[PDB]
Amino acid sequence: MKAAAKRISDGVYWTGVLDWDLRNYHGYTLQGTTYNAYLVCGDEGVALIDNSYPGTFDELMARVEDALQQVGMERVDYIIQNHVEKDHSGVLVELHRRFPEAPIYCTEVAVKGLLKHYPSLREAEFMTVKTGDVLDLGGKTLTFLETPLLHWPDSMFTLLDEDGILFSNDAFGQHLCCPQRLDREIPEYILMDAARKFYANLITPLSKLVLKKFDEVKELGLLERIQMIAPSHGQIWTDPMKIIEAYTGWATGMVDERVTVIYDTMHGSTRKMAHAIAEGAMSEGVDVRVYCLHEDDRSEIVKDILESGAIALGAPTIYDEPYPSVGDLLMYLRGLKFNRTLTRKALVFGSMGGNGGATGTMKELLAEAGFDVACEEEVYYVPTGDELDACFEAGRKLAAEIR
């Protein structure tokens, strides 16, 4: 197969897979992604860091072969698995068959997870690693750093300290599929919006552990030595402090003045309320976003929630419950635990035809999910002018609190 590797540093090559076609997975929408794998070539040893999704072996191997031919070397001597997730371990079996002599370097928890995914690796050679362990490739050394982060219990960072490259698994990732391999070769808006979305959807509940990981990195004296961050998806950071600083802001609740308004409706009354609420919020000079659960994906909604000090959630009542689509977002938000960054304000609202129940339900669930539920607007059927004014004031007040 003809597929080229990309030299990223001396004896270090990107040898990953471009997934142009993926649009939706893990609960998340995207316009394609990459599975970044890296070939590190020392004086005496060659290490491959991570691999790719099942069925992508030929492409990954073509790039590994090209890299090797570029440096004048021939085998992979070590296979490194910073995580067990199938889009980074999906061709491990094929890799093991191709390089039978290569030990697999990973954490002890990764061994379990890898063997449960791929039982035929019962026969393979593993080298479990712990924080501070080293693999010497001759003139280059890889140091391992466990990053269990509660819910990524197999994960680790690999540090190449002579190039100052951190291979960070999914941390600092973004779902982007570009011909350009580097952060600086694409528009900054695109780069940061994808990085933002990845944080909101994947790192939010881990925010405390991420901050703790940063302090440990700083304590081992590895941070003054980051020249580059090579994540498992998307662009390589040649400006690692840009993404570290953004992450620090996201983990600590640094937001601009923004209110995200989210609703569903059947007959339009909750929609009118949502517009009046957004109108009020706008009058206070804050940024406003409006999403409709009928149309909009949860992963885009939470990207904006990350950057918002306040939200408004509205749905009509359907047999004592909110419209069922809010059950999807509320469950997601209960997993994301935004209170770990900042306990954002929440206004709940909706139309109803008799006994209601949706707004108190949403209050219950928003509070459990770590929002500070500020108040409510509940309307019988179609709102009147006065009721719409009341909606405008609710949004104005909500915007005023987060200024």
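Numbers follow the displayed sequence, beginning with 1.
Looking at 233-241 and 162-170 together, the entry lists the larger mean B-factor for 162-170, computed on C-alpha atoms. Taking the PDB entry as given, 217-225 carries the higher mean Cα B factor of the two stretches 81-89 and 217-225. Within the selection 311, 278, 104, 73, the deposited Cα B-factor values reach their highest point at 73. Across 153, 322, 249, 205, the entry's maximum B-factor at the CA atom is seen for 153. Residue 183: CA B factor lies in the lowest third for its chain, per the PDB record. Among all modelled residues in this chain, the alpha-carbon of residue 379 has a temperature factor (C-alpha) in the highest third. Ranked against the other modelled residues of its chain, the C-alpha B-factor of residue 157 as given in the entry falls in the middle third. The entry lists a Cα temperature factor for residue 148 that places it in the middle third of the chain's modelled residues. The entry lists a Cα temperature factor for residue 34 that places it in the lowest third of the chain's modelled residues.
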